[PDB]
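Colleague: just coords:
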């Protein structure tokens, strides 16, 4: 590894020696837009560098074209550069035509790349001195064999060693993309090693960790005890600030919407009870009647909801959920209270942030969309501070609206049975429908796909197949295709979790595009999301059917 | 040739005119199978680099239509030449709908 866990501080010191100045901006940070963990890490770094009065600039970027153009724009004055949320999986030097002899003097510049994706470019570490990254503890133990082959490959019977090295490199490659650690977690480890921990840093670390609950529950479960222990280690006065471990549930905005809607819109409850048809609603009404909460009482705001039932809700759930089999909905979460404002949970706050990112405020229209996205990112960033709450109530109401729209589209999809079951991978295309303009956002498409894959997993089928989802943008006449990984049921043991399910869609797309002159545009930081032509979708599809996945 | 055959048969028998009524019945199924084979071959060999020579749309002065799928214009011309009968319109419309069912289009679409 380049920078181990114990070396962070040392590297940090170097930054000061190259950036701490009186009247010169010598530090620029590029952030992976449309990502919560990157936003939390950027906030923590901004606070850190505002403490010691180190001048800096924050620049959001969306695509690799923007990254290349912005790097080409930069001047030689910038000694230190930060790249948070991307860059691990590709070789920057080849992309950025970096000449080490041009930057020898050594260490003319410094580029610190900080990413969480686990399959990363081996040459980027073992070949280059200018580029350096913060390892999470993977190179030391996992790559004890690949490095030997790379070092050896960097009298006629000696070709056996070359063949073995080539085979080892090939075996290391052709692996799916996954995430195994958190950027905010690494930054908080650095902060704990330095000695600048406090409540704001703990809150941001909690947000960054809990942003992965939907997709990387294994990482979340591996990392949770550290957060619990750290929170334990660290009169209602109008200036109090409380962080506690309160029971919480897999519910959609429980403390801001009625309990009926909370049960209605919850993805896990939907998957377990089939609420898209009438039998689901009948079962929900049976549930409510047997618990004993009146239907008129359960349809009121959580503030005015009955105090006694609010107190005994835990016992009611414990005694009633076993028959319906929802006993996996109860978990432990973090709750933050400040004075007389109210109570917010981490899940609710991250859903509000995600929805505020989603909604707020040919090539030219694509550029306009991308600048709208970066403006939404900045507005979401501004919403972080405690002095603004009209930028969070709006986010909560927009989250409610977006979840309603997603539910309305998913029920129609499941009615129409558009999910075609092929031999290898499932496929569905949203050819026509209402409010299809909302799905031009990749994060909204991922939300819809997450709900669909949860619904598919919560069935009796014994086939784990990748799912392909596509949409339409009639103005551009292009399909937005995103590949989705299969997921195990949330109520499963750890023995069948030897390795998380990988994603081969990026490899398949790149191979097809490199062997066939298709009219696509692969520039998103997510390598499994592409834009394809309406006329070019199908042939491409058959190609993907005929290619080794 | 089919039209000549049916007119000769009608004359030998003795806005409707039975001279032509019933001429598409001779070649409907072979036409359907040929269109299916053409569609499959076009689907397979459209994005190949060396096979892109024969799919290049010619340009000629006075042209103003920008089109993508050549098979659609092939079948559109083959149906519009049929649609000049003005007496067997229902049969031609049914054949046109059946041909359009090979594509994932509908009867009254603008693209058709």
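Modeller: That came through fine. Numbers count the residues shown, from 1 in each chain, chains lettered A, B, ... in the order given.
Colleague: count of neighbours near residue A:484?
Modeller: 22 (other C-beta atoms under 10 Å in any protein chain shown). To be clear about C-beta, it is placed using only N, CA and C from the backbone, and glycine gets the same treatment.
Colleague: who does it bridge with?
Modeller: Under the criterion DSSP bridges, residue A:484 forms beta bridges with residue A:467.
Colleague: now do the contacts for it.
Modeller: When contacts are counted by C-beta atoms under 8 Å, 6 or more residues apart in numbering or on different chains, residue A:484 touches A:446, A:449-450, A:452-453, A:466-469.
Colleague: dump these to TSV, plus neighbour count.
Modeller: Formatted as TSV, these follow (neighbours: other C-beta atoms under 10 Å in any protein chain shown):
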residue	neighbour count
A:446	19
A:449	18
A:450	16
A:452	21
A:453	20
A:466	20
A:467	18
A:468	21
A:469	23
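Colleague: now, which of these sits nearest chain B?
Modeller: Nearest to chain B among these is residue A:468, at 17.4 Å by C-beta to the nearest C-beta.
Colleague: hang on, residue B:69 packs against residue A:535?
Modeller: Yes: counting by C-beta atoms under 8 Å, residue A:535 is a contact partner of residue B:69 at 6.8 Å.
Colleague: now for the longest helix along chain B, which elements pack on it?
Modeller: The longest helix of chain B (DSSP state H) is helix B:28-45. Helices and strands touching helix B:28-45, by 3 or more C-beta pairs under 8 Å, 6 or more residues apart in numbering or on different chains; DSSP states H and E, are helix A:537-546, helix B:70-82, helix B:89-102.
Colleague: how about the last one against chain A, any contact?
Modeller: No: using C-beta under 8 Å from any C-beta of the partner chain, we find that helix B:89-102 stays clear of chain A, coming within 13.4 Å at best.
Colleague: would you mind getting the angle between that helix and helix B:28-45?
Modeller: 30 degrees (axes from the mean of the first three to the mean of the last three C-alpha atoms, to 10 degrees).
Colleague: next, the buried residues of helix B:89-102.
Modeller: When burial is assessed from 16 or more other C-beta atoms under 10 Å in any protein chain shown, helix B:89-102 yields the following buried residues: B:91-92, B:95-96, B:99-100.
Colleague: could you list every residue that touches the residue of the stretch 201-350 of chain A found nearest chain B?
Modeller: At 26.1 Å from chain B, residue A:276 is the closest residue in the stretch 201-350 of chain A, using C-beta to the nearest C-beta. Applying C-beta under 8 Å, 6+ apart to residue A:276 gives the contacts A:270, A:410-411, A:414-415.
Colleague: out of the helices and strands packed on helix B:28-45, nearest to residue A:14?
Modeller: Within the helices and strands packed on helix B:28-45, the stretch nearest residue A:14 is helix A:537-546; the backing value is 45.8 Å (C-beta to C-beta).
Colleague: got the angle for the closest one vs helix B:28-45?
Modeller: Going by the same axes, to 10 degrees, helix A:537-546 makes 70 degrees with helix B:28-45.
Colleague: ok, the nearest residue to residue A:422 once chain neighbours are set aside to residue A:480 distance?
Modeller: Spatial nearest neighbour of residue A:422, chain neighbours left out: residue A:545 (7.0 Å); criterion: C-beta to C-beta, 6 or more residues apart in numbering or on different chains. Distance of residue A:545 to residue A:480, computed by C-beta to C-beta, to the nearest Å: 20 Å.
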